[PDB]
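# A structural walkthrough
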Amino acid sequence: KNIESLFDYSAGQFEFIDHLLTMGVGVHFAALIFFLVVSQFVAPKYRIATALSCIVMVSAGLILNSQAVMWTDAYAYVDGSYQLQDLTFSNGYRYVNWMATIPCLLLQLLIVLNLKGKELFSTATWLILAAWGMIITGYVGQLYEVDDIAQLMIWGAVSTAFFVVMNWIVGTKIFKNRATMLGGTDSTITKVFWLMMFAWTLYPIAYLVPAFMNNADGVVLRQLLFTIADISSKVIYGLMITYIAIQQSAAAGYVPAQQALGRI
Ligand SMILES: *C/C=C(C)/C=C/C=C(C)/C=C/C1=C(C)CCCC1(C)C
Ligand SMILES: CCCCCCCC/C=C\CCCCCCCC(=O)O
Ligand SMILES: CCCCCCCC/C=C\CCCCCCCC(=O)O
Ligand SMILES: [Cl-]
Ligand SMILES: [Cl-]
């Protein structure tokens, strides 16, 4: 059981959540068209990093669209407020989606870091195992956000341990392979690390909202934090990854990338 089910919502709270989720869909699908069109300017070595941004945009866009429809299915305006009907709304579906989206985000970073062969395969496997441990333990913890806050906290601590180990793998790989990067992207990639540290830390903050703001305004805050975090961790991040891919492509002599950069 999730905290959303405990409350009735004002028309203001209900409509704001619907608009946040709907705006989220729009931003991700608008970004998808950008990544699709610029993929032709990326060298073959990096083209999979731009394709992964397209995959993340549709995956995230579809979960946000699903959440928006589930939100409107679950509530109806009755006696002056939006009240729970027969259908349920939950954040559980986002956790399931992270099982696919987090590995995609991590893989596109490894590609632009110029990792290849055995090092790429072994780094991706450890990263994906750490990401899955984080997601599964978090998914279990949030099943107790109404019934048992102590259990939410302890599964949250286990999940945070996987998060910290994953961030150490990411940081280690970034600061080690920064020197292999072309066209000044050795500087850009350090900003990508900090963007990840910031954006990804908003998810455990949203996870703890039932512990510090268990009310209808807390429900709104959690959807707002997921909105900021999704746009930063998927869209802004994807735009930086694509910039890095095109810049390294042009530095390596890929003529469509040089022509695209020269045109802007
Ligand atoms: C596009 C979606 C992304 C980048 C999701 C990232 C999710 C996390 C970094 C989740 C982390 C969590 C903890 C560190 C503790 C509480 C449980 C989680 C799973 C919310
Ligand atoms: C990268 C940042 C992306 C985030 C964009 C989201 C912008 C819109 C967010 C907040 C505006 C504040 C709206 C006021 C909330 C009204 C409270 C209520 O529900 O009654
Ligand atoms: C119904 C939802 C409303 C639709 C939202 C459409 C607005 C799209 C605006 C921004 C999305 C960001 C797309 C990223 C392209 C990068 C642009 C750039 O080069 O700076
Ligand atoms: Cl190539
Ligand atoms: Cl997602």
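Residues numbered from 1 in each chain as written, not as in the entry; some residues may be left out. Chains lettered and ligands numbered in written order. Heavy atoms only, no water.

- This entry, as listed in the PDB, derives from X-ray crystallography and reports a resolution of 1.75 Å.

## A few points about the overall build of the chain
- Looking only at helices and strands, one finds 9 helices and 2 strands in the chain.
- In summary, the chain has a C-alpha radius of gyration of 20 Å against a globular reference of 18 Å for 264 residues, a match within 12%.
- In terms of overall dimensions, the chain has a C-alpha envelope of 65 × 40 × 25 Å along the principal axes.
- Across the 264 residues of the chain, 52% fall into the buried class.
- Sequence-distant contacts, at least 24 apart, represent 77% of the contacts inside the chain between residues at least 6 apart.
- Carbon and sulfur atoms make up 70% of the accessible area of the chain, which totals about 11,700 Å².
- Across the chain, the mean location of the 13 positive side-chain charges is 26 Å away from that of the 14 negative side-chain charges. (Helix = DSSP H or I, 4+ residues; strand = E, 2+ residues; numbered from the N terminus. Rg over C-alpha atoms; globule rule 2.2 N^0.38 Å. Buried < 20%, exposed > 50% of the residue type's maximum accessible area, 1.4 Å probe, protein only. Contact = heavy atoms within 4.5 Å. Areas by Shrake-Rupley, 256 points an atom, 1.4 Å probe, with all protein chains shown as cover. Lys, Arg positive; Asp, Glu negative; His and termini not counted. Charge placed at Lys NZ, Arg CZ, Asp CG, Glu CD.)

## Focus on the environment of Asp 73
- Relative to the helices and strands, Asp 73 is located in helix α2 (residues 47–74).
- A relative accessible area of 42% means that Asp 73 is categorised as partly exposed.
- Between the C-alpha atoms of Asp 73 and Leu 84, which are 11 residues apart in sequence, the distance is 9.1 Å.

## What to know about the site of ligand 2
- Lining the immediate environment of ligand 2, one finds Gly 12, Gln 13, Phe 16, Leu 224, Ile 228 and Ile 231.
- For ligand 2, whose unbound accessible area comes to 600 Å², protein coverage reaches 47%.
- Among the residues forming the shell around ligand 2, the class breakdown is 4 nonpolar, 2 polar and no charged. (Near = heavy atom within 4 Å. Nonpolar A, V, L, I, M, F, W, Y, C, P; charged D, E, K, R; others polar.)

## Details of the pattern of salt bridges
- Per the stated rule, a full pass over the model turns up 6 salt bridges.
- With its nearest N and O atoms 2.8 Å apart, the salt bridge here joins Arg 222 to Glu 4. Within this pair, whereas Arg 222 is found in helix α8 (residues 216–251), its partner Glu 4 is found in the segment before α1 (11–38), the two being separated by 218 residues in sequence.
- The class of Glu 4 is buried, set by a relative accessible area of 0%.
- A salt bridge links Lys 173 to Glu 119, with the shortest nitrogen-to-oxygen separation between them at 2.8 Å. Within this pair, whereas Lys 173 is found in helix α5 (residues 149–177), its partner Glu 119 is found in helix α4 (residues 117–142), the two being separated by 54 residues in sequence. (Salt bridge = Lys/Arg side-chain N within 4 Å of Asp/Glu carboxyl O.)

## Looking at the environment of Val 192
- Mapped onto the elements, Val 192 comes out in helix α6 (residues 185–207).
- Contact partners of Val 192, with chain neighbours within four places excluded, come to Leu 109, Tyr 237, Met 240, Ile 241 and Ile 244.

## A look at the site of ligand 1
- Within the structure, ligand 1 sits among 16 residues, and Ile 102, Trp 200, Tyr 203, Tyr 207 and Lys 234 are positioned closest to it.
- Here ligand 1, which alone exposes 540 Å², has 99% of that area covered by the protein.
- In terms of residue class, the shell around ligand 1 is built from 10 nonpolar, 5 polar and 1 charged.

## What about the UniProt feature "transmembrane region" (unreviewed entry) in the chain?
- In the numbering used here, UniProt assigns the "transmembrane region" (unreviewed entry) feature to residues 19–38, 50–72, 92–113, 120–140, 152–171, 192–212 and 224–246.
- Annotation note: span residues 50–72, helix share 100%, strand share 0%, distance between end C-alpha atoms 33 Å. (UniProt positions renumbered as here; feature names shortened; annotations may be inferred.)

## Observations regarding the side chain of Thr 185
- Summarising the element assignment, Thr 185 is placed in helix α6.
- A distance of 2.7 Å separates a polar atom in the side chain of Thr 185 from the backbone oxygen of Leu 182.
- Not counting residues up to four positions away in its chain, the partners in contact with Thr 185 are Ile 244, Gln 247 and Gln 248. (Polar contact = N/O pair within 3.5 Å; in protein donor to acceptor, adjacent residues only side chain to side chain.)

## Describing the nonpolar core
- Counting residues in each nonpolar core, the largest one holds 58 residues, and the members touching the most others are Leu 109 and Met 166.
- Elements with a contribution of two residues or more to this core: α1, α2, α3 (92–112), α4, α5, α6 and α8.
- Counting residues per element, this core draws most heavily on α6, at 12 residues.
- Not counting the four nearest positions on each side in its chain, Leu 109 is found in contact with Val 170, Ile 174, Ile 189, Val 192, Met 196, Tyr 237 and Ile 241.
- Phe 14, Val 25, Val 219 and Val 220 belong to the second largest nonpolar core, which has 18 residues in total. (Core = buried A, V, L, I, M, F, W, Y, C linked by side-chain atoms within 4.5 Å.)

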